[PDB]
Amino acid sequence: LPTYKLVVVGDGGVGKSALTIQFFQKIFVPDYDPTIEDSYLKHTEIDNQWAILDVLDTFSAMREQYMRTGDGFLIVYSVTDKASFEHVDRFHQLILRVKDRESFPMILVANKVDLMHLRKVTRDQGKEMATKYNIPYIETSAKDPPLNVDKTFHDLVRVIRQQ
């Protein structure tokens, strides 16, 4: 029974926590930022193959353990936060250095696309960035009813399996 350690990274406020709690617990709780580090563990079936998903919602010995051991990374920015998108490169570079690899399983996640009037990063900008890194691109909303939240996590597992 394979365990996949997934790591969610990105700037403050982009929705790492909201995405994770939506995926594991199927709720959206506005302006909830966890008091303590919460680990996430669940059995789920992806393309008929069962897996344990072990997720870190990112000093911390825990963080750096997951950065080192992680099987795949979600790199999240918010479409309403241009800086968060500009900072994606820091996260991409950080991950490749820690894994000492030229590529590693990862998905670029453009979150908060429900806030349409506030969108500062276009679909095509996002897609062009993902292309530059040769990684998948997906748009999400953690807000109910959620968009692409299961697909995002399941797709990362698919990337890991198909490497």
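All residue numbers refer to positions in the sequence shown, first residue = 1.
Novice: Does the deposited sequence hold unmodelled residues between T58 and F59, and if so, how many: none, 1 to 3, 4 to 9, or 10 or more?
Specialist: Going from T58 to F59, the model skips 4 to 9 residues of the deposited sequence.
Novice: Between 116-124 and 62-70, which has the higher average C-alpha B-factor in the PDB entry?
Specialist: Result of the comparison: 62-70.
Novice: Of the two stretches 38-46 and 91-99, which shows the higher Cα B-factor on average in the entry?
Specialist: Mean CA B-factor is higher for 38-46.
Novice: Please say which third, lowest, middle or highest, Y137 falls into when its CA temperature factor is compared across its chain.
Specialist: According to the entry, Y137 has a C-alpha B-factor in the chain's lowest third.
Novice: Give the position of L1 by CA B-factor within its chain, expressed as the lowest, middle or highest third.
Specialist: Within its chain, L1 is a highest-third residue by C-alpha B-factor, going by the deposited values.
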